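Protein chains in written order, with this note's numbering: chain R, 1 to 48; chain U, 49 to 96. Built from N, CA and C at the ideal position, the CB exists for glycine as well. Just below is one structure, and these are the notes that go with it.
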């Protein structure tokens with residue numbers, strides 16, 4: 001629920017294009033501990 | 049402007065403003081190993 005609200009506010013209230021957005025990005029480099037290969041919750045980018 | 053900025057991450061030569069040439073890159077992205085390509089490209093690809 002909070003993730004969905006964050007996505008809505010970022011795309012609309014924060015005026016960030018929805019294409020420049022990722023939800024889950026697995027990393028087998030063991031970037032911490034979320035799952036067996038920890039992932040992200042929200043990520044937004046510029047044209048790179 | 050916005051369209052060019054939104055696409056200059058999926059193509060090697062997205063920075064160059066020759067968007068006509070982007071189709072050939074898309075053709076490579078679509079064809080599987082061993083596929084066949086047939087196009088009607090203008091002479092500028094061949095001579096300029």
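How about residue 19 of chain R and residue 54 of chain U: are their beta carbons less than 8 Å apart?
It is a contact, given that the beta carbons lie within the stated cut-off.
Please determine, among R/41, R/2 and R/48, the residue with the shortest C-alpha to C-alpha distance to residue 25 of chain R.
For residue 25 of chain R, the nearest C-alpha among the options comes from R/41.
Check the DSSP bridge columns for residue 44 of chain R and list the partner residues they point to.
In the DSSP output, where bridge partners are listed per residue, residue 44 of chain R has R/21.
Considering only the alpha carbon of each residue, which of U/63, U/86, U/51 and U/50 lies closest to residue 72 of chain U?
Taking only the C-alpha atoms, the option nearest residue 72 of chain U is U/86.
Tell me the rounded alpha-carbon separation between residue 10 of chain R and residue 33 of chain R.
Distance between the alpha carbons of residue 10 of chain R and residue 33 of chain R is about 26 Å.
Let's see if you can read the secondary structure: which residues bound the alpha helix (DSSP H) around residue 55 of chain U?
It spans 50 to 55 - the alpha helix (DSSP H) in which residue 55 of chain U sits, taken as one unbroken run.
How far does the alpha helix (DSSP H) with residue 76 of chain U in it reach, from first residue to last?
Residue 76 of chain U -> alpha helix (DSSP H) spans 70 to 78.
Using a beta-carbon distance below 8 Å, is residue 74 of chain U in contact with chain R?
Answer no: the Cβ-Cβ gap between residue 74 of chain U and chain R never drops below 8 Å.
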